[PDB]
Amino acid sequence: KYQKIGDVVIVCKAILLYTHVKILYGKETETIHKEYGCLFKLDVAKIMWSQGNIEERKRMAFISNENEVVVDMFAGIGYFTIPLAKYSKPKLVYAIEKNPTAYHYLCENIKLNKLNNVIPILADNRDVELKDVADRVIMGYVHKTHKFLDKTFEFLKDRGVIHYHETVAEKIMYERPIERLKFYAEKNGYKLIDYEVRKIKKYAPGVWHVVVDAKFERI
């Protein structure tokens, strides 16, 4: 098919691209994309917009509440941060993003959506120092995500929930993510209270991208 992002078509509009990006008509790859009330400015030539993650972005929108402080550890241009900040209206969301280009757009997007409860941080989340401030932490990343749990447990309050993503073989999809969480919980002085595992999309033959919603309290 063909993805229409903002005024840009990926294969009338402003311009269109071929996906490693080649221009087929025009010069400008930057646009503002509107999804479920939210505006996302990005350069479609240097920032990818994932079709298959739409359901999770919709789910994150209302996952919080006005009593919460939320840390988004892999914020990007604000895929989760923006909807969550708008529809859950938490007290505050720390949106950490390591890549300077994606960070630029995270910054524009907070402004575009007129959000006053978001603080963007340009950094590797492992370098950020936010002790015991988070009611909720989102880990939307699938590359050795478990290696980041030591940090997410630092962020977490005495009690809170982590949204942990992993890609995992179907056979152990309800097992491995959980044992990893329990290992790092104990490592950091927390214990697992309850959890739920949800599928997000087939990541590869036999392998699922999953998200586990897990609640912890320390001791």
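Numbering starts at 1 and follows the sequence shown.
In this entry, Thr19 is separated from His20 by 10 or more residues of the deposited sequence that have no coordinates.
Deposited sequence between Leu24 and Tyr25: no residues lack coordinates (chain continuous). Annotation for 77 to 85 versus 124 to 132: the higher mean temperature factor (C-alpha) is found in 124 to 132. As recorded in the PDB entry, 45 to 53 is the stretch of 45 to 53 and 147 to 155 with the greater mean C-alpha temperature factor. You'll see in the entry that, of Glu166, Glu175, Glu68, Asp194, the Cα B factor peaks at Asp194.
In the deposited entry, the Cα temperature factor of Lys187 sits in the top third of values across the chain's modelled residues.
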